S.K.: 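Got a structure here, written out as C-alpha cells. Questions coming.
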Protein chains: 2
Amino acid sequence: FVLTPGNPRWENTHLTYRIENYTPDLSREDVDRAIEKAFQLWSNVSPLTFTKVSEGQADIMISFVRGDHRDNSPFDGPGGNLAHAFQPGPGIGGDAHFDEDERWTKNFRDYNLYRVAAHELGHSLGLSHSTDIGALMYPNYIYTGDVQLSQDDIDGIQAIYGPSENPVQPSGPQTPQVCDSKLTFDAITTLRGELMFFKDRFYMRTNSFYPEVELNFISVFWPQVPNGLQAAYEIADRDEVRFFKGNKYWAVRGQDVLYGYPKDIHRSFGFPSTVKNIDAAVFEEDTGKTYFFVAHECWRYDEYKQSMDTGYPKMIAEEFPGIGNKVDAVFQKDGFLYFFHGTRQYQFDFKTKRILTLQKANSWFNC
Amino acid sequence: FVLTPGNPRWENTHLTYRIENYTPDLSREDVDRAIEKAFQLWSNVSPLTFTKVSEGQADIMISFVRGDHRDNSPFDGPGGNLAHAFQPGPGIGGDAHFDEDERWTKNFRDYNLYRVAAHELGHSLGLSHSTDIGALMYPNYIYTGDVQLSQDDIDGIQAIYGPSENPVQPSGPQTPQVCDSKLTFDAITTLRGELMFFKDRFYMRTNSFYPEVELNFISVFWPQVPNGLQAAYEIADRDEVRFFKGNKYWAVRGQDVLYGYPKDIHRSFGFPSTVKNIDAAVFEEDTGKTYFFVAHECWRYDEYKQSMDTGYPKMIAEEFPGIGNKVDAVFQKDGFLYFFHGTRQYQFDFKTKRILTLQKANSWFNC
Ligand SMILES: CNC(=O)[C@H](Cc1ccc(OC)cc1)NC(=O)[C@@H](CC(=O)NO)CC(C)C
Ligand SMILES: CNC(=O)[C@H](Cc1ccc(OC)cc1)NC(=O)[C@@H](CC(=O)NO)CC(C)C
Ligand SMILES: [Ca+2]
Ligand SMILES: [Ca+2]
Ligand SMILES: [Ca+2]
Ligand SMILES: [Ca+2]
Ligand SMILES: [Ca+2]
Ligand SMILES: [Ca+2]
Ligand SMILES: [Ca+2]
Ligand SMILES: [Ca+2]
Ligand SMILES: [Zn+2]
Ligand SMILES: [Zn+2]
Ligand SMILES: [Zn+2]
Ligand SMILES: [Zn+2]
C-alpha cells in the first residue's frame, strides 16, 4: 500500500457523499448500490461512516463526466482512462468523476462500475496506488469475478484511520509472497516446460528461464478454473492439464477448458463416496499412471483406460517412503517427483523409492 | 487518420521482420500467425511486402518484454500499457515491443495478440492515433470480435504508400458520420427515453439531454446482438428490447439477452417461409400492437398473445399513407411514428393517418 504524499486524511471519520448525476447505462438503483457497496468495503475495516445525500454539497461529490470537464484532467473517450478522484480536502477534495464514454456494467463485462468505484474511493480517503497485483488500489483495471479488498488495501486505510468496523477484526486475502519462507502451496503442476504453482486466487509461474516468479490471478490466466485449487496435474502427450476442487475437475487444452468439462471425480475416476476432495496428483509418465493423494492414501490410475489399479487405497507411507501422512502438492520433473508438505519439499527417486534431498518449498523461486 | 510528424515512411516498400522472442502464453505457430495476419492487413491495401527472417537484423524487430527494458519507455506490469512501437528509421525504428506481463490470447479474452500487433505495426509503418473510434489505430484497446481495418486506417496508410495490393481496390468499413447528410439507417428503437440508431457495427445514441450523439460499437454495448441489425424495437412495460437479423431475433432485458434467446421469427411470430428477413418494427403502445415491415407489407401482431392479426400481409401504401413502398427504420415518440427511408423521415400521426412533416434522417442528431 502507499499513502498519499503530505498524508491527506479526512479530519472527521463520518462523511457525507452525493451522486450528483446518474449514468443511462444502469438504472438508478443499480448505480445506487455500486456506490454504497464501494463505500461499504472501506467501512468494514476502519471507522469511516458515510451518509448519502441528495441536495447541497457533501464531502464526496460523484459525477459521471466525459472529455474536458474542467479540472485539468480531461477524459479520453471510450476505454483507457475510466475514472479519477481527488485526495482529502475542501471543494474538489474527495471528489470522484467517472468517464461516461465507458459502458458501465453490472457484471464481468468491461468496466464494472462497482470495481472502479472501490478504487477511486480509496483515493478520496487518502490512499495511492499499490504495487500489489491483488489490491483494488493497484493502478490498472483487472476485474476478477467479485470486488473484494486484499490485506494490502486494508493495511493502507487502517494506517490512516486505524482499524475496527467489524469488532471481530476483519481479515482480507494476502497476496502470496514468493520468498516469504512461511509460504505453502495448494497445488502445483509442471506445465509445458514451466512450473505452475497455485495458491488461493493466485498462480506463481517460473522455471524455464525466468528472472523471478510471475505472480497474477488464476482467472486472468484461465476461463473456468476455480480459486482454491486442491490439486492440478498435466498429461503432456495429450497436451492437457487438469484442475481439482472438491468433487469436480476441469480439463484444459492450451488456453481453454475442454468440451463440457467441469465434471465429476467420482463419475470420471471411480472414487468412493467418502472421497469428498483430493490433495495432490501426478502423471508418472514413465509407467503411464497418475497417483492421486487423498489424506494418507495414494491411488494409482491407469490413465490410458480409467482402470483404477487393483483396489489401491494404499498407505502413502508404504508407497512413497519417508514423506509422511499427507501431501500438499507434487509434480514430476527431470524424472524425480517433488513432494510438498508445508514449507519443506522432498526430491524423490521414483525408481529407487528413496528421498534424495530435502529442500525448501521456495527453492525454484530464485530466492 | 493521423500521419506521424516529420512524415517517417520506409523508403522501400518491401521490408524484412523478425520475431526475436516468443511468449510462453501461446505456441510458436500461434504467435507466428498473429504477426503475419497483423502484417497481412497492411499489405492488402498498399504496396508493402514483408519477409520474415530468423537471423540477423531486420527492419522490424519484434520482442516480448516487460518492465524497464532500456528504451526510455518501461512497461507497467499486468494491464494498462499493453505494447508500443517506433516510427520508420534505422536501429530501433520500426521496432515493436509487447508487454509479457500481459496474458496473450487467441480469442476475445483480454489482450488478443493479433488485435495489438495490427495497432503497433501501423506505427512501424509511419501512422499515429486516429480519433476514429472504429479504427485499429485508435489509442485504446477495444476488441470487437475480429480484427479488421476500417476505411480510416486504409486512407492513412495509402496517404503514405499509395493504394493497391488487391487490384480490385480494397474497401474497408467507414465509421458512421453523424451529420453527413448522405447517412441512412439499418434500424432504430427508442430505448428508455433515448433513441438508439443502428448502422452496421455501430450504434448512435441520443435524445434525452445529449450535447451530441454518442457513436460506439453495438458489441461494446450488448453481449449477443449481431452487427447488421435489420430492425430493433422496444416493449417498455416488459422492460424489453428486441433485435432482428435474417430469420433470428434476440430479446434483451436491461444490459443482457434473455434466457436462450437467439430465436426464430417464423417459430416465435408466425411468418410465411417467404419471409427471409424483416425491414423495421414498432410496438404501437396505444393499441398494443407491433407493426412489422417486410418489403411493402405491414404485419400487425397482437403482442399480448402472439395472434398475428387476421391475415395481415397488407399494403404499407394503404396502411401508412404517403410514405412509400419500403421502410428503413421506424419508432414511436411523443405518440407519433417516425418512418425512415434513406435520408428522409416522415412524422406520421397514427390517429389521423397522415404525414404531418417531412424532416431529414439526421434531425435528432443535434446537427
Ligand atoms: C483498462 N484501463 C485501465 O486499466 C486504465 C489504464 C490507464 C490508466 C491511466 C490513464 O491515464 C492516466 C490511462 C489508462 N486505468 C484506469 O482507468 C484507472 C485510473 C486511476 O488510477 N484512477 O484513480 C482506474 C482502475 C485502476 C480502476
Ligand atoms: C486496456 N488498455 C489500454 O487500452 C491501453 C491504455 C493505455 C495507453 C497508454 C498507456 O501508457 C502510455 C497506458 C494505458 N492502451 C494500449 O496499450 C495501447 C498502447 C499504444 O498506443 N501503442 O502504440 C495499445 C492498444 C491501442 C492496442
Ligand atoms: Ca469535496
Ligand atoms: Ca476512457
Ligand atoms: Ca456510458
Ligand atoms: Ca493440495
Ligand atoms: Ca529497426
Ligand atoms: Ca501492461
Ligand atoms: Ca505473458
Ligand atoms: Ca431495416
Ligand atoms: Zn475530473
Ligand atoms: Zn487510481
Ligand atoms: Zn520498448
Ligand atoms: Zn499506439
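Chain letters run A, B, ... following the sequence lines, proteins first, then strands; residues in each count from 1. First listed ligand is number 1; within each ligand, the first listed atom is number 1. Computed from heavy atoms alone, side chains included, the values below leave out hydrogens, waters and symmetry copies.
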S.K.: Give the name of the N/O/S atom in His69(A) that lies closest to the Zn ion (ligand 11).
M.R.: NE2

S.K.: Parallel under 30°, tilted from 30 to 60°, perpendicular over 60°: which one fits the rings of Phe197(A) and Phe340(A)?
M.R.: perpendicular

S.K.: With rounding to 10 degrees, what does the angle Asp279(A):O / the Ca ion (ligand 6) / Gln230(A):O come to?
M.R.: 80°

S.K.: Using 30° and 60° as the class limits, which term best fits the ring planes of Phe320(A) and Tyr291(A): parallel, tilted or perpendicular?
M.R.: perpendicular

S.K.: N/O/S of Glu100(A) less than 3.0 Å from the Ca ion (ligand 5)?
M.R.: yes

S.K.: Working to 10°, measure the angle at the Ca ion (ligand 5) formed by atom O of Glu102(A) and atom OD2 of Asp25(A).
M.R.: 70°

S.K.: Might you work through the side-chain contact (heavy atoms from CB on, under 4.5 Å) test for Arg253(B) and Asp256(B), ending with a clear yes or no?
M.R.: CA-CA 6 Å; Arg253(B) 180 154 299 159; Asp256(B) 49 47; 5.7 Å; no

S.K.: What's the atom name of the N, O or S in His97(A) nearest to the Zn ion (ligand 11)?
M.R.: ND1

S.K.: For the Zn ion (ligand 11), what is the closest N, O or S atom on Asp71(A)?
M.R.: OD2

S.K.: Distance to the ring centre below 6.0 angstrom and angle to the axis at most 45 degrees; does that hold for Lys199(A) and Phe202(A)?
M.R.: no

S.K.: How about CZ on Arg205(B), more than 12 heavy atoms from neighbouring residues, nucleotides or ligands closer than 6.0 Å, or not?
M.R.: yes

S.K.: With respect to the Zn ion (ligand 11), what is the nearest N, O or S atom of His84(A)?
M.R.: NE2

S.K.: At the Ca ion (ligand 6), what angle lies between atom O of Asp186(A) and atom O of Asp328(A), rounded to 10 degrees?
M.R.: 80°

S.K.: Would you name the heavy atoms of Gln347(A) and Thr357(A) that are closest together and state the gap between them?
M.R.: NE2-OG1, 2.7 Å

